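Coming up is one lone chain in structure tokens, specifically the form deposited without its partner chain.
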């Protein structure tokens, strides 16, 4: 039975700090078919050749995705500094991963656009003298996710519950929507729970 990538093709992809995670087990995949639907600008594979990626057998296959402007590609690079790795998404390199940046063609209709691209500029607890920043663990959500989900309708809008404080930055989506996918694979327990279609 085939792995169904319909969910990422349907609806509006979330802001980066609230990325969507799809996990596939006990199914076969056709990654070429999924990727061919997008205009790929960048991609980067760690501990994989995309060939090995498109033809290997794993115990599970995880896909994280979110709306993301391609020109912010460097902030997603391994070892990068700044708000994106700090407060939004820090890639987990403990497993073979591939990061793909792509533009959604208008010919692809089921994907809808948000009004704004968005990311967190900070996530902290107030100390006594300054801010005690809280940084993303690899592959995990910001601890400011609950606050961030309150939404941002202006630039540098803040949210707090007393303890935590977050601040988001927003800007209009101009042109075709651009996205990021992080494909991750695991070699556990289950040898060939996930294999390439044939």
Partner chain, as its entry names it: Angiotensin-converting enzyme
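Numbering follows the first chain given and starts at 1.
Look at the C-alpha B-factors of 162-170 and of 139-147. On average they run higher in 162-170. When 125-133 is weighed against 22-30, 125-133 comes out higher, by mean CA B-factor as recorded in the entry. Residues shown: 106, 86, 112, 94. Highest C-alpha temperature factor in the entry: 106. Based on the entry's C-alpha B-factors, the most elevated value among 69, 55, 44, 47 belongs to 55. Remark: residue 65 belongs to the lowest third of its chain, ranked by C-alpha B-factor as recorded. When the modelled residues of the chain are ordered by their C-alpha B factor, residue 176 lands in the middle third. Among the modelled residues of its chain, residue 197 has a C-alpha B-factor that falls in the highest third according to the deposited record.
Omitted from view is the form solved in complex with its partner chain, to which the following refers.
In the entry with it bound, its partner chain sits within 4.5 Å of a heavy atom of residue 127.
Under a 4.5 angstroms non-hydrogen atom cutoff, its partner chain in the entry with it bound has residue 131 among its neighbouring residues.
Although the partner is absent here, residue 38 lies well away from its partner chain in the entry with it bound, with no heavy atom inside 4.5 Å. Using a 4.5 angstroms limit between non-hydrogen atoms, residue 46 is distant from its partner chain in the entry with it bound. 158 is the sole member of 32, 146, 55, 158 with a non-hydrogen atom lying within 4.5 angstroms of its partner chain in the entry with it bound.
Contact with its partner chain in the entry with it bound, judged by any heavy atom within 4.5 Å, is made by just one of 95, 121, 103, 116: 121.
Figure note: of the listed segments 136-144, 66-74, 22-30, 47-55, the one touching its partner chain in the entry with it bound, with heavy atoms no more than 4.5 Å away, is 66-74.
Residues of 160-177 lying near its partner chain in the entry with it bound, listed in sequence order, are 160, 167, 169, 171, the criterion being any heavy atom within 4.5 Å.
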